[PDB]
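Colleague: I'd like to ask you about the structure that follows.
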Amino acid sequence: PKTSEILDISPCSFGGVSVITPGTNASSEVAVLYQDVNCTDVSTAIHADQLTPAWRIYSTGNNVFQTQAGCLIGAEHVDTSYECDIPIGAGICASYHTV
Amino acid sequence: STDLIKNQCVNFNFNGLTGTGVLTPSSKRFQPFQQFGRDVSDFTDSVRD
Amino acid sequence: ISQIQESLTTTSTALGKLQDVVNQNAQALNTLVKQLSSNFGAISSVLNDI
Amino acid sequence: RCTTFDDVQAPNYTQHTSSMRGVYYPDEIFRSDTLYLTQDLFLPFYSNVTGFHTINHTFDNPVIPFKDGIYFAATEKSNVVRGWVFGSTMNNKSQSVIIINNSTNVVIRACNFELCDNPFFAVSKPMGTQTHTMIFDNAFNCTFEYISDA
Amino acid sequence: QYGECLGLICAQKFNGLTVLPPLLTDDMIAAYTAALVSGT
Amino acid sequence: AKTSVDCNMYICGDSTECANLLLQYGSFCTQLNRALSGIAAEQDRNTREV
Ligand SMILES: *[C@@H]1O[C@H](CO[C@@H]2O[C@@H](C)[C@@H](O)[C@@H](O)[C@@H]2O)[C@@H](O[C@@H]2O[C@H](CO)[C@@H](O)[C@H](O)[C@H]2NC(C)=O)[C@H](O)[C@H]1NC(C)=O
Ligand SMILES: *[C@@H]1O[C@H](CO)[C@@H](O[C@@H]2O[C@H](CO)[C@@H](O)[C@H](O)[C@H]2NC(C)=O)[C@H](O)[C@H]1NC(C)=O
Ligand SMILES: *[C@@H]1O[C@H](CO)[C@@H](O[C@@H]2O[C@H](CO)[C@@H](O)[C@H](O)[C@H]2NC(C)=O)[C@H](O)[C@H]1NC(C)=O
Ligand SMILES: *[C@@H]1O[C@H](CO)[C@@H](O)[C@H](O)[C@H]1NC(C)=O
Ligand SMILES: *[C@@H]1O[C@H](CO)[C@@H](O)[C@H](O)[C@H]1NC(C)=O
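Residue numbers (the UniProt record's numbering), protein chains in the order written: chain C, 565 to 663; chain Z, 516 to 564; chain H, 913 to 962; chain V, 18 to 167; chain A, 818 to 824, 831 to 863; chain G, 714 to 763.
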């Protein structure tokens, strides 16, 4: 109204979250997949507690990786190929393995 | 009040709770601050006389 | 026949199909039971209470 | 007349992990051999806690905010802590309550108290006997009182 | 119409509908088919 | 197609007042998501089988 600019509207980011784990007996490690989002928005919303759900304790370490289905937090990328244990999407595969 | 009528299909009104059933003795062990027990689906399962 | 017997003695995953059948049926019944506790906007979930 | 302990040190608040403590029975109804999922006020696991300590000259009696609910735990060798006091203004302006493990009888009251700045119980070393209870100068508009059994 | 990103600019529309991608990408499928024709 | 749906944006969207009403129906759309995710996994299995 004030300047007769034309402005678009679009929604704030949303999606599903799902948890990747090896067996509980083997270890308590987890990796989190945020589906169909660019990591810049979720990292800039984890910091300063803008995301929800809000864990009491967690951290995004240096391990952040981008995939077509979304981006994984807490998983380390590797430049080698193996047979799939847990399929993620778009060709990205996961497993629990030695460093 | 009335006496109890165990092992027969009867109407029962123990304490504001109503239904029909077969009363039998039990081996529950209530704490002194618990008067009722419940199963899943919120059905009453046992009562303290 | 010996090697197949040892495999069956130690494996757990080989029968996942039959296990999935059992789990599917049990989960379905569990859900149908749990629905009784819902309220559907009634003043209470307990029929005899009302 | 209130007695003020001079030369008392300021406290050194200390941090500890509470670990998993603080779970309590959510409801009276009996249940067995089942997993139950419920929402209520609870103490979250591995939350930090503010430790306090009375040793030698040190004596800490600091007003602590309530935040609509507190956990509490004490480690005592010979009944050092006798109870608590709950109030909002504690200056002749708001109802206050006292809970104390008096040796003769437990006493709970909810009346205007005007509690002494440094309330305490007086004891003698060789006799092991209590001599004074300097908790409150007076009490007016008293509307509640309770006494436990002897 | 629905939210999707092909490339990766990801956009999302108020209706909340979404389309997930396939696991096997088209060049991996074409490598299976060329392996079959080659071996046969 | 292997499509997916989000329950709260479609039925209730931005508002919170409507979500406090949808709460009275319980688990229903969550088993819905469970179903539609099973269909999604099945499509991948079909292609890997062929
Ligand atoms: C501990 O308290 C008891 C009882 O509480 C007293 O009575 C309450 C109504 C209130 O006025 C408290 O402040 C009081 O202390 C005390 O024992 C009482 O002593 C009086 C005589 O002083 C006697 O008339 C009461 O019957 C007693 N009450 C009993 C026996 O239950 C006691 O002195 C307090 N202190 C100690 C160290 O025990
Ligand atoms: C009951 O609680 C209310 C709110 O928790 C108290 O009101 C506060 O009083 C202080 C006194 O200085 C004000 O600074 C605050 O702004 C008030 N509101 C809040 C939210 O803190 C009230 O004092 C309590 N009752 C009594 C008798 O003290
Ligand atoms: C609670 O109220 C009493 C009485 O109103 C206060 O006692 C007064 O104290 C002042 C100075 O301390 C004296 O000048 C007055 O003469 C006292 N009043 C009476 C009637 O003797 C008492 O101080 C109040 N509590 C606090 C903590 O201030
Ligand atoms: C726990 O430490 C945090 C800082 O990490 C602080 O904000 C909080 O007040 C502490 N909890 C206490 C003192 O109970
Ligand atoms: C008790 O309270 C009344 C009003 O509630 C007040 O008039 C009276 O002065 C109080 N009693 C005292 C101060 O002793």
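All C-beta atoms in this analysis are idealised placements derived from N, C-alpha and C, irrespective of residue type, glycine included.
Could I get the ranges of all uninterrupted alpha helix (DSSP H) runs contained in the segment 589-639 of chain C, with 4 residues as the minimum, in chain order?
Modeller: List check, alpha helix (DSSP H) in window: 603-610.
Colleague: Among all residues, which have a Cβ less than 7 Å from at least one non-hydrogen atom of ligand 3, and in what chain order do they fall?
Modeller: Qualifying residues, in the order they occur: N108(V), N109(V), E131(V).
Colleague: Would you please verify whether the beta carbon of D557(Z) is less than 8 Å from any beta carbon of chain H?
Modeller: Closer than 8 Å: yes.
Colleague: Would you kindly work out how many angstroms separate the C-alpha atoms of residue 17(V) and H33(V), rounded to a whole number?
Modeller: For chain V, the structure presents residues 18 to 167; residue 17(V) sits outside this window and is missing.
Colleague: Within the continuous alpha helix (DSSP H) that includes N528(Z), where are the two ends?
Modeller: Careful: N528(Z) lies outside any alpha helix (DSSP H), inside the beta strand (DSSP E) at 524-528.
Colleague: Which residues mark the beginning and the end of the beta strand (DSSP E) in which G68(V) is found?
Modeller: Counting along the chain, the beta strand (DSSP E) containing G68(V) begins and ends at 65-68.
Colleague: Between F47(V), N155(V), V97(V), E162(V), which has its C-alpha nearest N118(V)'s C-alpha?
Modeller: Checked all of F47(V), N155(V), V97(V), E162(V); the closest Cα to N118(V) is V97(V).
Colleague: For ligand 5, any of its heavy atoms closer than 7 Å to the Cβ of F157(V)?
Modeller: For ligand 5, at least one heavy atom lies less than 7 Å from the Cβ of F157(V).
Colleague: Using only the alpha-carbon positions, how far apart do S141(V) and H74(V) sit?
Modeller: Each residue's alpha carbon lies about 17 Å from the other.
Colleague: Quick one: which chain G residues come within Cβ less than 7 Å of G953(H)?
Modeller: Going along chain G in sequence order, the residues near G953(H) (Cβ under 7 Å) are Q737.
Colleague: So that I know if they touch, is there some Cβ in chain A lying closer than 8 Å to that of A732(G)?
Modeller: So, not an interface residue.
Colleague: At a Cβ threshold of 8 Å, is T943(H) touching chain G?
Modeller: Closer than 8 Å: yes.
Colleague: So, do the segment 838-847 of chain A and the segment 754-763 of chain G have three or more beta carbon pairs nearer to each other than 8 Å?
Modeller: Contact holds: three or more Cβ-Cβ distances are below 8 Å.
Colleague: With 8 Å as the threshold, decide whether the Cβ of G534(Z) is near any Cβ in chain H.
Modeller: With 8 Å as the cut-off, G534(Z) counts as an interface residue toward chain H.
Colleague: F69(V) to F83(V), Cα distance in whole Å?
Modeller: Each residue's alpha carbon lies about 16 Å from the other.
Colleague: As a quick check of your reading: which residues have a C-beta less than 7 Å from at least one non-hydrogen atom of ligand 1, in chain order?
Modeller: Going by the Cβ distance cut-off, the answer is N119(V), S120(V), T121(V), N122(V), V124(V), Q147(V), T150(V), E162(V), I164(V), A167(V).
Colleague: Just to confirm, are residue 8(V) and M151(V) a CB contact at a threshold of 8 Å?
Modeller: No information on residue 8(V) is available, as it lies outside the stretch 18 to 167 that chain V covers here.
Colleague: Short of 8 Å Cβ to Cβ, which residues in the segment 29-55 of chain V face chain Z?
Modeller: Going along the segment 29-55 of chain V in chain order, one finds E45, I46, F47, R48, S49, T51 with a Cβ nearer than 8 Å to chain Z.
Colleague: Go to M151(V), then tell me how far its beta strand (DSSP E) extends in each direction, as first and last residue.
Modeller: Taken as a continuous stretch (DSSP letters only), the beta strand (DSSP E) holding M151(V) covers 147-153.
Colleague: Ligand 2: which residues have Cβ under 5 Å from any of its heavy atoms, chain order?
Modeller: This criterion selects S105(V), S111(V).
Colleague: Using a Cβ-Cβ cutoff of less than 8 Å, which residues in the same chain neighbour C822(A) once the five nearest sequence positions on both sides are dropped?
Modeller: Only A834 meet the Cβ criterion.
Colleague: Name the two residues that bound the continuous beta strand (DSSP E) containing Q32(V).
Modeller: Counting along the chain, the beta strand (DSSP E) containing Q32(V) begins and ends at 31-34.
Colleague: Where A595(C) and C576(C) are concerned, what is the direct C-alpha to C-alpha distance, given to the nearest angstrom?
Modeller: Those two C-alpha atoms are separated by around 24 Å.
Colleague: Run through the segment 81-132 of chain V for me and flag every whole beta strand (DSSP E) of 3 or more residues, listed as ranges in chain order.
Modeller: The qualifying runs are 100-103, 113-117, 124-128.
Colleague: Run through the DSSP bridge pairs and tell me what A858(A) is partnered with.
Modeller: Paired residue(s): none; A858(A) is not in a bridge.
Colleague: Ends of the alpha helix (DSSP H) at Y723(G)?
Modeller: Looking at the DSSP string, the run of the alpha helix (DSSP H) that includes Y723(G) is 720-724.
Colleague: Please tell me whether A748(G) has its Cβ less than 8 Å away from any Cβ of chain A.
Modeller: With 8 Å as the cut-off, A748(G) does not count as an interface residue toward chain A.
Colleague: Just verifying my parser: in three-state terms, what is the DSSP assignment at residue 501(Z)?
Modeller: In the structure as shown, chain Z starts at 516 and stops at 564, and residue 501(Z) therefore has no counterpart that could be examined.
Colleague: Does any C-beta atom of chain Z lie closer than 8 Å to the C-beta of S957(H)?
Modeller: Chain Z contact via Cβ: present.
Colleague: By the criterion of Cβ-Cβ separation under 8 Å, what are the contact partners of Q744(G) in chain H?
Modeller: Per Cβ cutoff of 8 Å: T943.
Colleague: Near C720(G), which residues of its chain fall below 6 Å by C-beta distance, leaving aside the five closest residues on each side in sequence?
Modeller: These residues qualify, in order along the chain: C742.
Colleague: If we ignore side chains and look at the alpha-carbon of each, how far apart do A654(C) and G634(C) end up?
Modeller: Looking at the two C-alpha atoms, the distance is approximately 10 Å.
Colleague: What number of angstroms, rounded off, separates the C-alpha of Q599(C) from the C-alpha of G580(C)?
Modeller: Answer to the nearest angstrom: the Cα atoms are 6 Å apart.
Colleague: Considering only C-alpha positions, which residue in the set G531(Z), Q523(Z), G534(Z) is nearest to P540(Z)?
Modeller: That would be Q523(Z), whose Cα lies nearest to the Cα of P540(Z).
Colleague: Taking C-alpha atoms, which residue in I81(V), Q147(V), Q26(V) lies nearest to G104(V)?
Modeller: If we check each option's Cα against that of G104(V), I81(V) comes out closest.
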